[PDB]
Each structure stands twice: as C-alpha cells, then as structure tokens.
Amino acid sequence: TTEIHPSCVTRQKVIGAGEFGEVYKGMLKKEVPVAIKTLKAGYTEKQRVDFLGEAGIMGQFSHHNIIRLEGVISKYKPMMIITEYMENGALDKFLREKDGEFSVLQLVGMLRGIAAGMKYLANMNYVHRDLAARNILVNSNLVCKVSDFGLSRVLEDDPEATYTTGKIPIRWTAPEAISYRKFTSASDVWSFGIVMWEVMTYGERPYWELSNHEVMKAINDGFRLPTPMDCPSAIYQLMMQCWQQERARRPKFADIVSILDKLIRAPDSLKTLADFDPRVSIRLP
Ligand SMILES: Cc1cccc(Cl)c1NC(=O)c1cnc(Nc2cccc(C(=O)N[C@H]3CC[C@](C)(O)CC3)c2)s1
C-alpha cells in the first residue's frame, strides 16, 4: 500500500457519515478527485484491523471493475483510506434517480462489468458476502465497480443485514448462507442474480414489501422474483439460473461473463423480451 502524506489530501464534501468516521469527496496531490474514508481517534484494535484490512484487501486487486485504492494514511491521525472517486455514487440510488433513462444494452453492459469484477474476485478466492446494487459504485463512464471489502466489517456495517433467528442481508443472500452460514462464490452468484433484477427494474426493492421471514418462506417453497418489465428473455433466464436451490447447479461467474459478453456482441439477441405478468388490468371499450 502507498502511504500518503496528509498534506496531499484535501477533504471537500461529506459523502457519507458513520459513528466512527466519514466518507469524503476530496482531492489528492495535477490534483485528482478521490474518495476519503476516515477512522476517528479512540478506535479499538478490532476497528483498526477491520479498517486497514479493507485497504489491505483492496490493495491486492487490480481490475477495471473493482474499486481502486490510491493509498492510506496510517502514520498520522485520523487514519484514512483513499480511493478513486466514483462520480455517480451507489448503483441502487443511481438507478432509482434515473428511472427509464438508459437503453437495455446499457443496463446489460452494467451487468457485464459487475460480473467481470465478481469473476475476478472469485478467481482470487475472495467471497464478497454482501453483493447488492448498494455496494456497486458507478463512474462517469457508466462503469460499475464492486466495492465494500473486508471480513466481519462487511455484514456488521450494512444496515440491510439483520440478525436472524447470523447478521445477513436476507433478500440478497443464498439459501445455504441463510440456513447454515455457507458463503462461497456460488452464494455470491445468487446475489448477482438479485443484482441483475435490481438493475433491470431500475432499483426496485427485491420482493417489495414481503418481510424477511416471508422472503425465506417463499424461496423455500420455490417462488422466485417475477420478470421485470422490458426484460430480455435471455437476461431473465440467466437470473433464474442464478437462483437454483442446489448450489452446484448455478452458473459460475465465468459462465455469466461469457453469456453476457455474447449477448452484448449480438445486441439483437436482447430484443426478445420475456413476458411481463401485469398486476393491473386496464380495460377500455
Ligand atoms: C469503496 C471504498 C472503500 C474504502 C474507502 C473508500 Cl474511500 C471507498 N470509496 C468510496 O466509498 C467511494 C468512492 N466513490 C464514491 N462516490 C460516491 C459519490 C457520491 C455518492 C456516494 C454515495 O454512496 N453516497 C451516499 C448517497 C447519499 C446517501 C444515501 O445519503 C449516503 C451514501 C458515493 S464513494
């Protein structure tokens, strides 16, 4: 990891705030825009290990679809992690604020980028455990990059992760991870299928208002999320295969990247849409 001197870093605007630090947009020393995450004085040993451990993991990766680490401030206080700045923020909020503004080809290209990042992580023997649109960041080229790395800090810090009867984001998590804490790249594939559904719906909340227990019951009884509106048949087929109960039947990320790359390269393949089941009937004479 590159150790950066505090005098090179200018915090300009709070992007996010937590109990033990904040995330800032800033500039790094031509000066370059960066994101800056701080850890405030009084942090515990576990907080320090978790905080610097995220930078340690990120520093092991070099991929277009994985957030890039610029460096850390660890010699001075407060400590800081400095990354590239993703101008459009978190993917879930981004899509909700840009409803209907993109082509199907653009949406599928977002998914291919996410899948390539996840293929890299899985091959590097890194299991994400919290893959969801809220943990994807988007830059001004519309490139989607996987973020939120670490060990126990990932699910502990996510408000969507709730204590079950483990602390897990139920609607995004594979059955074996909910049931007996088996997190693997194949449970990340389940999550990727949910991310596919998030992207094609412009950020709808998975399973809408069903409670967590209701979601688990529905999944166990064989129900799956219905097709989004205006969704290519191939894309719905792919997300359905990500949601196979039997872990070993799910595609690997290599398969997902391959299929998405072929669909993008033959873009007419995306014009065949899966049927959408309406909830409203509008009848006019
Ligand atoms: C991923 C990562 C790990 C460790 C340390 C750092 Cl510094 C980072 N980097 C980042 O968090 C970020 C990189 N680029 C970012 N861009 C960005 C820009 C604008 C908004 C957001 C964003 O998610 N902001 C808010 C969106 C507003 C809300 C919902 O009130 C809270 C979260 C993120 S955040």
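Could you work out the local net charge near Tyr207, counting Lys and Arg as +1, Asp and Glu as -1, over the other residues with Cβ closer than 12 Å to its Cβ?
Surrounding charge for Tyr207 is 0.
What's the center-to-center distance, using Cα atoms, between region 212-266 and region 76-147 in Å?
19 Å
Quick one: net charge of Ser152's neighbours, Cβ under 14 Å, K/R +1, D/E -1?
Net local charge, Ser152 excluded: -2.
Restricting to DSSP H runs of at least four residues, report the calculated mean residue ellipticity at 222 nm for the chain, -39500 (n - 2.57) per run over all residues, nearest 500 deg cm²/dmol. Walk me through the numbers before you get to the answer.
On the way: 9 runs with 101 residues, N = 285.
Estimated from H runs of four or more residues: -11000 deg cm²/dmol.
Going by average Cβ neighbours within 10 Å, how do the peptides 133-139, 19-25, 272-278 rank, with the highest at the top?
133-139, 19-25, 272-278
Less than 13 Å Cβ to Cβ from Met240, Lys/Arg counted +1 and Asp/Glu -1: what total charge do the surrounding residues give? Could you put the intermediate results ahead of the total?
Numbers: positive: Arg224, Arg249, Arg250; negative: none.
With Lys, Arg at +1 and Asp, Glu at -1, the neighbours total +3.
Bear in mind that the values in this text are calculations on the coordinates, not laboratory data. No Cβ is skipped: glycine too gets one built from the backbone with ideal geometry, and neighbour counts run over all protein chains shown.
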